[PDB]
Amino acid sequence: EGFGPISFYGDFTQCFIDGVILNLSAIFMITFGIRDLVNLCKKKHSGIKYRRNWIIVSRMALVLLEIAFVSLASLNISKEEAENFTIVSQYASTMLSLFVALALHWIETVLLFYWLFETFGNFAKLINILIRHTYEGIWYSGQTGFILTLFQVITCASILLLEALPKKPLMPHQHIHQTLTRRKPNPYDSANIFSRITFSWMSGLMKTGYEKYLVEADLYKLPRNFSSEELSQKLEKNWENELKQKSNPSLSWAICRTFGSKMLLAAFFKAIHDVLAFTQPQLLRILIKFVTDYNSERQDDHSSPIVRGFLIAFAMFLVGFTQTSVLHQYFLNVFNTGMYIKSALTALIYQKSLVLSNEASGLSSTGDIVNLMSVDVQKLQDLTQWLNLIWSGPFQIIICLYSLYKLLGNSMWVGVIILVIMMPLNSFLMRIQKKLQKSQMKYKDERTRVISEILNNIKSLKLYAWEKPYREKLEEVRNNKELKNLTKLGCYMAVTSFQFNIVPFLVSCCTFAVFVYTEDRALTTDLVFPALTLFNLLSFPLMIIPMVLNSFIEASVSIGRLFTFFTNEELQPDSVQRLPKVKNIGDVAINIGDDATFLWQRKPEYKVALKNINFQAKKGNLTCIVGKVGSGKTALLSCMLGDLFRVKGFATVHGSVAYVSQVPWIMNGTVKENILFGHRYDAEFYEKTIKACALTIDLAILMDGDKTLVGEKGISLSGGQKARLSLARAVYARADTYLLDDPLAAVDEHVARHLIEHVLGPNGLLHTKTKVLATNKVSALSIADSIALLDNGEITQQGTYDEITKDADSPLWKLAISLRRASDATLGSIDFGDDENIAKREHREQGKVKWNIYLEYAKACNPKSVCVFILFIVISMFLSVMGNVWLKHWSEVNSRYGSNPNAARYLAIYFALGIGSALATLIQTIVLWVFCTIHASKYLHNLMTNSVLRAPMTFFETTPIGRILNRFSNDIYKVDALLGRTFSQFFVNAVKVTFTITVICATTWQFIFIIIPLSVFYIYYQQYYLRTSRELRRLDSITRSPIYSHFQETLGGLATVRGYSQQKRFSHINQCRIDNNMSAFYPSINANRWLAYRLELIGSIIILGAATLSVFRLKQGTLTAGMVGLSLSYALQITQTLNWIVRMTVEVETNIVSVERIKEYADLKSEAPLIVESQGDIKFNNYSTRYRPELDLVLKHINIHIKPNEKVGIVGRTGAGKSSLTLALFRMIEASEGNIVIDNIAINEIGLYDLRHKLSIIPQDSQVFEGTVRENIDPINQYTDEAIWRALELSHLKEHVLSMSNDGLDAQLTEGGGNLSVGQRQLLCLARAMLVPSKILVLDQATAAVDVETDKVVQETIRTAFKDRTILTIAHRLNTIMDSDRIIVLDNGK
């Protein structure tokens, strides 16, 4: 009688069954009875809380357990007749059941797992008794007690199912908990171990996503150990531990030590997966040996059992299931660790950036820090996926090669030489891949920069009508983009072909061709099929070895950047004391101590410092610091803000701070959100402020309500709008201490006169409280209650204007309530507002599943190319299957003829077959990429650019610039690469699945009945996952960008936010943002895990069906060992193929939806500007004119006539249709009721291009394009360089071209024109206008962006240069109003 784990029959013997049951019962009864009972009694004190319904299901489970224990006690008597170790198993099961009878009662996990092990043990014992009954008498072969052991088995199954499945209902008011119905709690908090591995909760979420499109409400709240606060504190404790033993690697040690446990668990699970994976080749080998030995046995019987095969099939199924469960648990743990890393690091970087020093901001550009927050944290999050894999790879390689050495033999390591010699080729190809990716990213960023540059001021581009050089340059860049993308496609296709071909075919065709005969031993079909499976498993380590090393190298750069960023210089707490509020009026509000001294230097003691200056401001006054550029005005103001390191002096600031910098700051949120800057609403005070500072016309001009979108991700706003918004925000922030740095600079001067009296002067709203307004305006100096002349960081004199006037006035003159404070907001919760705006566009369709869009893309490609691609894919798959089946035939021949190989002949045949399949895949991936794909990028981009270039001003003013900027740039890139990859992957995996199922059907006829239900299940899960993951990916893409945009904006307004002391609100907003992003990502990865689990379970069921049907065919009749080996070997490739193909399906769907969106952007039309059938010595006239958008009205009842050679000055009060006259004259809007006549010709009949080409505009703006000055002034090569030189000389800008442009007339320009002053840009626009030879000229806004000399120069230039050209000037200057021959008055509406 045997006693090992395997008997002569394949089943466990009785001894090993008792041993494993004893082990399971021992570990259960010790670990549950210690840990769970002690913890429950300690926490709950034997269950203080009696909350339980005591439903009948629990009593039924208890009674089932009791009757099972009774049956066990009854069967204990009979089995003890033999003298064996079964009494130990009986006693252990008795004690375990007796403990469980109380354990079930006490809880109202470990219990469930123990019941599963007990059920498996009873099932194994029953199978043993049935097998002995097959080998012996009918029923009572072993003993008569198996009939009640069946009752024990069914009782175990029933109690396991009835404990695992149903919930624990509670009677007394369970509904009271769910008060907050904004989001359901996640089911993950309430999920036992049986359901958690199966992810049934995600199946419920999948159903809810199937029946409804997901929104904020449908998603669940995150569970604990995911919010910002706990993760940030847990990282800060490890950061203090770094501060104990500070050094550069301390950041890495703190990060790893705070989350290393989950990575260790992931490592253990990966080890379990790796050791389990190679068992299946061994089971394949022993199955092949068993079937061929059984055929030999039957032949010997004819010359002179099935239980092994069935149990081997069951072993294969169990191996597949355990592999599935442990692998997906590993993936879940690793991605959870990455989520923790991202959530901690983003919050910590935000806090450190918020408390960062101003000098540190000066030493660190905004691009570097925002790129650090975007890429480096994402780099760590991505590297968390592959971090354990660097350890997993060598172990898998070592155990695979050990198994190969045991199987094949000694000194047969040609595969090792192929691996090690091919690895440097992989390294070189990965290097070229990285270089191509970096160059492509640089080119994409450059093209996006050019597009943003033109789109910032494309209104002026439309007016000048220089579109042809723009699109020509874009196509010129597109040529380089096309060739670089072609090179990337060629390299990627070569990499794909080498990865497909190099490992399996070449390594096999070397090793089993050579070393089988070189060792003098027949193949006999046991070697090559396990060898082929081993090579297929070993393919992944070859690519995995160099891949993770690149990101591992990048991790050093990322962690070094993070470490220097963290340990960069902070600022001291003691720069200034923000004391309590101001007392009753008279004492002090602000004080800088005696001989105070400050600087922008603490460590090295740079020269940037001021020394020995004091300051004092009385309560309720207006002060003004007056000084030139570099005077130390900004230094003194920032010192008052406390943003400096003091070296000497006493700084006390009373009350609260309100501050406006010279550069206005605007948040991404709406104008309502900006003006209501985290404060409770107050309607009358809001109306008072908006009346006093701004105007209601300033709200009306926005073409939207108060909830309009700010120009950062909305409609662009002019500088005066920004200044008025900043002043409105400041005055709405009712505060004690007030600070303004030239807010009137970026607005009209006569409107600045309205500003000073209404809000600042003694009638002003904030009259009785201290305010500093630093400006060099004479009206401000006259009205101000104190003046401080400052220069070079040292005050010269201070006092009242009375004190100034007494001595020589040279050095400045010749050169009972306190408004009840403000009131902050309550720090509320905030959703992601971007969802509804795109939901408006998505509302058109809800069943977008028809493939008309796919056939449209097919028409947009060459369909013959698609047919050739399909045929090439099928040819490659057929060649591979032919190679495998011919290998089966050759191995069967070698099995029949004992050691009589046609070795060279079949070596040549197999080499030809494999290299033919590899070349077919090569020609598929290389050439047809070039034909269909870049044709698509070229054509889709040409149509999109052609449509969007000719778009109307209604589209430009309505749609945001940023919205079409991101979609035009990003989505064109996604269709270029990702779509072309994913279509190929989808078709390859589809054809692979079809051929695998076809050969399996060829193995046995009756497989269609088993494959049909599994195919239905597969289609069901694919539909559910697609309709969920589409919306989840959309939400994830939505929530990513607002975090980085908010980081950029709060960095830009660092001074203003730190002055306003709203640091808590911004921190809470960042925490809410990352919480929303985590909520919009965790269901996505868990949905991926759920789908991959169920698909791999389907693959394991396919393995079981193939094996058991093969054994059934074996029992039914003759069966070849090679056919079974081939069928099982092809069956083993199912799981990875299905798990990839569904994901590629949803990716193709997402890419096609993006293609439809950008095509919808391309779905636009406008008027035809082309020539279809004109200056000087001609009259001009307008009659009955009307031209505005349909939703508004400005122009009506206008009849005017202008003779040639007359100058016109237009005058109008604010809002009286000023710019509409210019746009009507240019005929920018196609709507034209009436007739405008020039040269006795109606303007609308001809077109737009020639008319715009034959006029001159000064658009009130001076920002121009980047690039060469000659290209900017004269993009089309009109006439020479001497002409523009003369125009520049007449415009009097010789100084700039003399200073710069040393190489020639080719000086470069920074984009946006900020490198040079606005007056010089105005001179450049003047020079361009004078270069334009047209008589019609439009001039606008001469009285709001000039410094007197510019106005005189342009007035004399338009006077003397255009002696007779018709000039219409729209301005407020008295001189140009008087000098005009005919003053046209701009009526309010007609």
# chains A, B, ... in the order shown; residues from 1 in each chain; ligands from 1

call {"tool": "select_by_dssp", "arguments": {"residues": "stretch 69-211 of chain A", "states": "helix (DSSP H, G or I)", "output": "PyMOL selection string"}}
result
chain A and resi 69-79+86-107+110-135+146-164+174-177+187-189+193-198+200-210

call {"tool": "write_last_selection", "arguments": {"atoms": "C-alpha atoms", "output": "compact mmCIF listing (two decimals), in the first residue's frame"}}
result
# COMPACT_ATOMS: atom_id res chain seq x y z
CA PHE A 69 -20.85 17.43 12.81
CA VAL A 70 -23.30 14.69 13.82
CA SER A 71 -22.62 12.81 10.57
CA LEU A 72 -18.87 13.18 11.13
CA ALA A 73 -19.20 11.80 14.67
CA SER A 74 -21.30 8.90 13.37
CA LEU A 75 -18.75 8.04 10.67
CA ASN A 76 -15.89 8.27 13.18
CA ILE A 77 -17.05 4.96 14.70
CA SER A 78 -16.94 2.79 11.57
CA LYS A 79 -13.62 3.86 10.04
CA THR A 86 -7.19 8.11 10.13
CA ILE A 87 -8.13 8.63 13.79
CA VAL A 88 -5.99 11.79 13.80
CA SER A 89 -7.95 13.17 10.83
CA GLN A 90 -11.24 12.25 12.52
CA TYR A 91 -10.29 13.97 15.78
CA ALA A 92 -8.93 17.08 14.04
CA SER A 93 -12.06 17.44 11.91
CA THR A 94 -14.20 16.95 15.03
CA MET A 95 -12.37 19.70 16.94
CA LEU A 96 -12.47 22.03 13.93
CA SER A 97 -16.22 21.54 13.46
CA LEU A 98 -16.85 22.00 17.19
CA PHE A 99 -14.91 25.27 17.19
CA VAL A 100 -16.63 26.42 13.98
CA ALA A 101 -20.07 25.82 15.55
CA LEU A 102 -19.28 28.66 17.99
CA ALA A 103 -17.26 30.73 15.51
CA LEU A 104 -20.27 31.11 13.21
CA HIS A 105 -22.38 32.22 16.17
CA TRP A 106 -19.85 34.76 17.47
CA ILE A 107 -19.50 36.77 14.24
CA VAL A 110 -10.70 32.44 7.62
CA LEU A 111 -13.90 30.50 8.30
CA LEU A 112 -14.73 30.59 4.58
CA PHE A 113 -11.25 29.49 3.49
CA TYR A 114 -11.25 26.63 6.00
CA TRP A 115 -14.64 25.52 4.67
CA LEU A 116 -13.27 25.61 1.12
CA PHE A 117 -10.28 23.47 2.11
CA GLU A 118 -12.58 21.06 3.97
CA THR A 119 -14.87 20.78 0.94
CA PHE A 120 -11.90 20.11 -1.33
CA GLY A 121 -10.60 17.45 1.05
CA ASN A 122 -13.95 15.67 1.24
CA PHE A 123 -14.23 15.84 -2.56
CA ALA A 124 -10.77 14.28 -2.90
CA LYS A 125 -11.66 11.51 -0.44
CA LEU A 126 -14.87 10.76 -2.33
CA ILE A 127 -12.95 10.63 -5.62
CA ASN A 128 -10.47 8.22 -4.01
CA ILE A 129 -13.27 5.92 -2.85
CA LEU A 130 -14.93 6.06 -6.28
CA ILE A 131 -11.64 5.21 -8.01
CA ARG A 132 -11.17 2.24 -5.67
CA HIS A 133 -14.73 1.23 -6.55
CA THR A 134 -13.67 1.35 -10.20
CA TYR A 135 -10.71 -0.90 -9.31
CA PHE A 146 -19.04 6.62 1.39
CA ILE A 147 -22.82 6.96 0.93
CA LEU A 148 -22.81 9.29 3.98
CA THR A 149 -19.50 10.83 2.93
CA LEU A 150 -21.51 12.02 -0.07
CA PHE A 151 -23.89 13.68 2.39
CA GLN A 152 -20.86 15.21 4.10
CA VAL A 153 -19.62 16.59 0.76
CA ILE A 154 -22.99 18.05 -0.22
CA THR A 155 -23.39 19.52 3.28
CA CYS A 156 -19.95 21.14 2.97
CA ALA A 157 -20.84 22.59 -0.43
CA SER A 158 -24.22 23.84 0.83
CA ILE A 159 -22.86 25.48 3.98
CA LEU A 160 -19.98 27.07 2.03
CA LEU A 161 -22.31 28.55 -0.59
CA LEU A 162 -24.89 29.64 2.00
CA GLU A 163 -22.26 31.38 4.17
CA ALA A 164 -20.40 33.01 1.28
CA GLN A 174 -30.55 50.35 8.56
CA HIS A 175 -31.63 53.19 6.22
CA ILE A 176 -30.70 55.94 8.71
CA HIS A 177 -26.98 55.81 7.82
CA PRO A 187 -18.85 48.06 -1.87
CA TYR A 188 -15.13 47.36 -1.31
CA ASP A 189 -15.43 48.06 2.43
CA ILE A 193 -12.38 37.21 0.42
CA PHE A 194 -14.46 34.96 -1.87
CA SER A 195 -16.09 37.95 -3.58
CA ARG A 196 -12.99 40.18 -3.58
CA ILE A 197 -10.94 37.80 -5.74
CA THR A 198 -13.93 37.40 -8.08
CA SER A 200 -18.45 40.75 -8.19
CA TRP A 201 -18.87 44.29 -6.84
CA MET A 202 -17.24 45.51 -10.05
CA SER A 203 -19.77 43.39 -11.95
CA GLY A 204 -22.54 45.34 -10.22
CA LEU A 205 -20.81 48.60 -11.12
CA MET A 206 -20.49 47.29 -14.69
CA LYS A 207 -24.24 46.66 -14.84
CA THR A 208 -24.96 50.17 -13.54
CA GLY A 209 -22.63 51.54 -16.21
CA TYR A 210 -24.32 49.42 -18.86

call {"tool": "residues_around", "arguments": {"residues": "residue A:893", "least_positions_apart": "6", "cutoff": "9 Å", "atoms": "only C-alpha atoms", "output": "VMD selection string"}}
result
chain A and resid 524 900 to 901

call {"tool": "write_last_selection", "arguments": {"atoms": "N, CA and C atoms", "output": "CSV table (one decimal), in the first residue's frame"}}
result
chain,number,residue,atom,x,y,z
A,524,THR,N,10.7,11.6,-30.2
A,524,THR,CA,9.5,10.9,-29.7
A,524,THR,C,8.4,11.9,-29.1
A,900,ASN,N,15.4,7.4,-37.1
A,900,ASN,CA,15.6,7.5,-38.5
A,900,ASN,C,15.2,8.9,-39.1
A,901,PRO,N,15.9,9.9,-38.6
A,901,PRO,CA,15.4,11.3,-39.0
A,901,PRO,C,15.8,11.7,-40.4

call {"tool": "atom_distance", "arguments": {"atom1": "atom CA of residue A:1375", "atom2": "atom CA of residue A:782"}}
result
25.6 Å

call {"tool": "residues_around", "arguments": {"residues": "residue A:1324", "least_positions_apart": "4", "cutoff": "9 Å", "atoms": "only C-alpha atoms", "output": "PyMOL selection string"}}
result
chain A and resi 1262+1273+1288+1291+1293+1319-1320+1328-1329

call {"tool": "write_last_selection", "arguments": {"atoms": "C-alpha atoms", "output": "short mmCIF file (atom, residue, chain, number, x, y, z; two decimals), in the first residue's frame"}}
result
data_model
loop_
_atom_site.label_atom_id
_atom_site.label_comp_id
_atom_site.auth_asym_id
_atom_site.auth_seq_id
_atom_site.Cartn_x
_atom_site.Cartn_y
_atom_site.Cartn_z
CA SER A 1262 0.52 95.42 -31.41
CA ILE A 1273 6.31 92.86 -41.69
CA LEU A 1288 11.22 101.53 -40.84
CA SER A 1291 8.54 105.09 -38.87
CA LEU A 1293 12.69 102.59 -35.37
CA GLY A 1319 5.37 101.55 -28.30
CA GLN A 1320 7.98 99.88 -30.49
CA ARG A 1328 3.68 97.71 -41.90
CA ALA A 1329 0.65 99.93 -42.57
#

call {"tool": "residues_around", "arguments": {"residues": "stretch 248-260 of chain A", "least_positions_apart": "2", "cutoff": "8 Å", "atoms": "only C-alpha atoms", "output": "list in words"}}
result
residues 234, 235, 238, 239, 241, 242, 245, 246, 262, 263, 264, 337, 341, 559, 560 and 563 of chain A

call {"tool": "write_last_selection", "arguments": {"atoms": "N, CA and C atoms", "output": "CSV table (one decimal), in the first residue's frame"}}
result
chain,number,residue,atom,x,y,z
A,234,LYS,N,1.5,60.6,6.5
A,234,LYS,CA,2.3,59.4,6.6
A,234,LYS,C,3.6,59.6,5.9
A,235,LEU,N,3.7,60.4,4.8
A,235,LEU,CA,4.9,60.7,4.1
A,235,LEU,C,5.7,61.7,4.9
A,238,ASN,N,7.9,60.1,7.7
A,238,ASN,CA,9.1,59.5,7.1
A,238,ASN,C,10.1,60.6,6.6
A,239,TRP,N,9.5,61.8,6.3
A,239,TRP,CA,10.4,62.9,5.9
A,239,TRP,C,11.1,63.5,7.2
A,241,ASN,N,11.9,61.5,9.6
A,241,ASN,CA,12.9,60.5,9.8
A,241,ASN,C,14.1,60.7,8.8
A,242,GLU,N,13.8,61.2,7.6
A,242,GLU,CA,14.9,61.7,6.8
A,242,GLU,C,15.7,62.8,7.4
A,245,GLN,N,18.7,61.7,9.7
A,245,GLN,CA,19.9,61.3,9.1
A,245,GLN,C,20.0,61.7,7.7
A,246,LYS,N,19.9,63.1,7.5
A,246,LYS,CA,19.6,63.7,6.2
A,246,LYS,C,20.8,63.3,5.1
A,262,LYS,N,3.5,46.5,0.8
A,262,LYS,CA,2.6,46.0,-0.3
A,262,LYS,C,3.5,45.5,-1.5
A,263,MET,N,4.6,46.2,-1.7
A,263,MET,CA,5.5,45.7,-2.7
A,263,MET,C,6.1,44.3,-2.3
A,264,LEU,N,6.4,44.1,-1.1
A,264,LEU,CA,6.9,42.8,-0.6
A,264,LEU,C,5.8,41.7,-0.9
A,337,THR,N,-0.3,50.4,-4.8
A,337,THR,CA,0.9,51.1,-4.4
A,337,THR,C,1.2,52.4,-5.2
A,341,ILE,N,1.5,56.3,-4.1
A,341,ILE,CA,2.7,57.1,-4.4
A,341,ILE,C,2.3,58.5,-5.0
A,559,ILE,N,14.3,61.4,-8.8
A,559,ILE,CA,14.4,61.5,-7.4
A,559,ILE,C,15.4,62.5,-7.0
A,560,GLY,N,16.4,62.8,-7.8
A,560,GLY,CA,17.4,63.8,-7.6
A,560,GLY,C,16.7,65.2,-7.7
A,563,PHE,N,14.5,65.7,-4.7
A,563,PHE,CA,15.3,66.0,-3.5
A,563,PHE,C,15.8,67.4,-3.5

call {"tool": "closest_residue", "arguments": {"among": "A:185, A:1312, A:1122, A:1189", "to": "residue A:526", "atoms": "only C-alpha atoms"}}
result
A:1122

call {"tool": "decode", "arguments": {"residues": "stretch 470-498 of chain A", "atoms": "N, CA and C atoms", "output": "PDB file, in the first residue's frame"}}
result
ATOM      1  N   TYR A 470       1.200  81.131 -43.558  1.00  0.00           N
ATOM      2  CA  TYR A 470       1.024  80.320 -42.356  1.00  0.00           C
ATOM      3  C   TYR A 470       0.793  78.855 -42.705  1.00  0.00           C
ATOM      4  N   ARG A 471      -0.176  78.573 -43.582  1.00  0.00           N
ATOM      5  CA  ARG A 471      -0.439  77.173 -43.905  1.00  0.00           C
ATOM      6  C   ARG A 471       0.697  76.566 -44.720  1.00  0.00           C
ATOM      7  N   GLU A 472       1.404  77.375 -45.517  1.00  0.00           N
ATOM      8  CA  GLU A 472       2.564  76.857 -46.233  1.00  0.00           C
ATOM      9  C   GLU A 472       3.674  76.455 -45.267  1.00  0.00           C
ATOM     10  N   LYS A 473       3.932  77.277 -44.244  1.00  0.00           N
ATOM     11  CA  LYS A 473       4.932  76.912 -43.244  1.00  0.00           C
ATOM     12  C   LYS A 473       4.488  75.694 -42.445  1.00  0.00           C
ATOM     13  N   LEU A 474       3.187  75.586 -42.163  1.00  0.00           N
ATOM     14  CA  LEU A 474       2.693  74.417 -41.441  1.00  0.00           C
ATOM     15  C   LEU A 474       2.877  73.144 -42.258  1.00  0.00           C
ATOM     16  N   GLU A 475       2.619  73.199 -43.568  1.00  0.00           N
ATOM     17  CA  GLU A 475       2.882  72.029 -44.401  1.00  0.00           C
ATOM     18  C   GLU A 475       4.377  71.752 -44.531  1.00  0.00           C
ATOM     19  N   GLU A 476       5.205  72.800 -44.528  1.00  0.00           N
ATOM     20  CA  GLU A 476       6.650  72.601 -44.568  1.00  0.00           C
ATOM     21  C   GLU A 476       7.138  71.868 -43.324  1.00  0.00           C
ATOM     22  N   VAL A 477       6.624  72.249 -42.153  1.00  0.00           N
ATOM     23  CA  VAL A 477       6.928  71.508 -40.931  1.00  0.00           C
ATOM     24  C   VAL A 477       6.316  70.113 -40.990  1.00  0.00           C
ATOM     25  N   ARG A 478       5.143  69.984 -41.615  1.00  0.00           N
ATOM     26  CA  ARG A 478       4.480  68.692 -41.722  1.00  0.00           C
ATOM     27  C   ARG A 478       5.288  67.710 -42.554  1.00  0.00           C
ATOM     28  N   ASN A 479       6.075  68.198 -43.513  1.00  0.00           N
ATOM     29  CA  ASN A 479       6.943  67.299 -44.275  1.00  0.00           C
ATOM     30  C   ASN A 479       7.972  66.628 -43.366  1.00  0.00           C
ATOM     31  N   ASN A 480       8.625  67.417 -42.508  1.00  0.00           N
ATOM     32  CA  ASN A 480       9.580  66.856 -41.559  1.00  0.00           C
ATOM     33  C   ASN A 480       8.885  65.949 -40.552  1.00  0.00           C
ATOM     34  N   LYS A 481       7.689  66.347 -40.105  1.00  0.00           N
ATOM     35  CA  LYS A 481       6.906  65.510 -39.201  1.00  0.00           C
ATOM     36  C   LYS A 481       6.564  64.174 -39.854  1.00  0.00           C
ATOM     37  N   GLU A 482       6.181  64.207 -41.132  1.00  0.00           N
ATOM     38  CA  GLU A 482       5.826  62.996 -41.859  1.00  0.00           C
ATOM     39  C   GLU A 482       7.023  62.067 -41.994  1.00  0.00           C
ATOM     40  N   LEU A 483       8.186  62.609 -42.373  1.00  0.00           N
ATOM     41  CA  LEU A 483       9.341  61.734 -42.568  1.00  0.00           C
ATOM     42  C   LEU A 483       9.839  61.175 -41.239  1.00  0.00           C
ATOM     43  N   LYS A 484       9.796  61.978 -40.169  1.00  0.00           N
ATOM     44  CA  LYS A 484      10.189  61.464 -38.860  1.00  0.00           C
ATOM     45  C   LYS A 484       9.226  60.385 -38.376  1.00  0.00           C
ATOM     46  N   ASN A 485       7.920  60.587 -38.579  1.00  0.00           N
ATOM     47  CA  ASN A 485       6.954  59.563 -38.204  1.00  0.00           C
ATOM     48  C   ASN A 485       7.120  58.306 -39.045  1.00  0.00           C
ATOM     49  N   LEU A 486       7.488  58.459 -40.319  1.00  0.00           N
ATOM     50  CA  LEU A 486       7.763  57.302 -41.162  1.00  0.00           C
ATOM     51  C   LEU A 486       8.961  56.520 -40.642  1.00  0.00           C
ATOM     52  N   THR A 487      10.013  57.226 -40.222  1.00  0.00           N
ATOM     53  CA  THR A 487      11.171  56.553 -39.638  1.00  0.00           C
ATOM     54  C   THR A 487      10.793  55.831 -38.348  1.00  0.00           C
ATOM     55  N   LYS A 488       9.958  56.470 -37.520  1.00  0.00           N
ATOM     56  CA  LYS A 488       9.489  55.835 -36.290  1.00  0.00           C
ATOM     57  C   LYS A 488       8.677  54.585 -36.602  1.00  0.00           C
ATOM     58  N   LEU A 489       7.815  54.662 -37.617  1.00  0.00           N
ATOM     59  CA  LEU A 489       7.012  53.511 -38.013  1.00  0.00           C
ATOM     60  C   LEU A 489       7.888  52.373 -38.513  1.00  0.00           C
ATOM     61  N   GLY A 490       8.913  52.692 -39.308  1.00  0.00           N
ATOM     62  CA  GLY A 490       9.808  51.655 -39.798  1.00  0.00           C
ATOM     63  C   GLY A 490      10.571  50.970 -38.680  1.00  0.00           C
ATOM     64  N   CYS A 491      11.108  51.762 -37.745  1.00  0.00           N
ATOM     65  CA  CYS A 491      11.834  51.184 -36.617  1.00  0.00           C
ATOM     66  C   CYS A 491      10.919  50.344 -35.733  1.00  0.00           C
ATOM     67  N   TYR A 492       9.714  50.845 -35.451  1.00  0.00           N
ATOM     68  CA  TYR A 492       8.773  50.112 -34.612  1.00  0.00           C
ATOM     69  C   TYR A 492       8.326  48.820 -35.286  1.00  0.00           C
ATOM     70  N   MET A 493       8.121  48.859 -36.603  1.00  0.00           N
ATOM     71  CA  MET A 493       7.737  47.659 -37.334  1.00  0.00           C
ATOM     72  C   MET A 493       8.857  46.626 -37.331  1.00  0.00           C
ATOM     73  N   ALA A 494      10.107  47.074 -37.494  1.00  0.00           N
ATOM     74  CA  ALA A 494      11.236  46.151 -37.415  1.00  0.00           C
ATOM     75  C   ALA A 494      11.348  45.539 -36.023  1.00  0.00           C
ATOM     76  N   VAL A 495      11.112  46.345 -34.983  1.00  0.00           N
ATOM     77  CA  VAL A 495      11.142  45.838 -33.612  1.00  0.00           C
ATOM     78  C   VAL A 495      10.049  44.797 -33.407  1.00  0.00           C
ATOM     79  N   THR A 496       8.851  45.062 -33.934  1.00  0.00           N
ATOM     80  CA  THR A 496       7.750  44.112 -33.799  1.00  0.00           C
ATOM     81  C   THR A 496       8.062  42.801 -34.510  1.00  0.00           C
ATOM     82  N   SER A 497       8.627  42.881 -35.720  1.00  0.00           N
ATOM     83  CA  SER A 497       8.968  41.670 -36.460  1.00  0.00           C
ATOM     84  C   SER A 497      10.041  40.865 -35.738  1.00  0.00           C
ATOM     85  N   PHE A 498      11.070  41.542 -35.218  1.00  0.00           N
ATOM     86  CA  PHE A 498      12.123  40.827 -34.503  1.00  0.00           C
ATOM     87  C   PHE A 498      11.600  40.206 -33.214  1.00  0.00           C
TER      88      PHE A 498
END
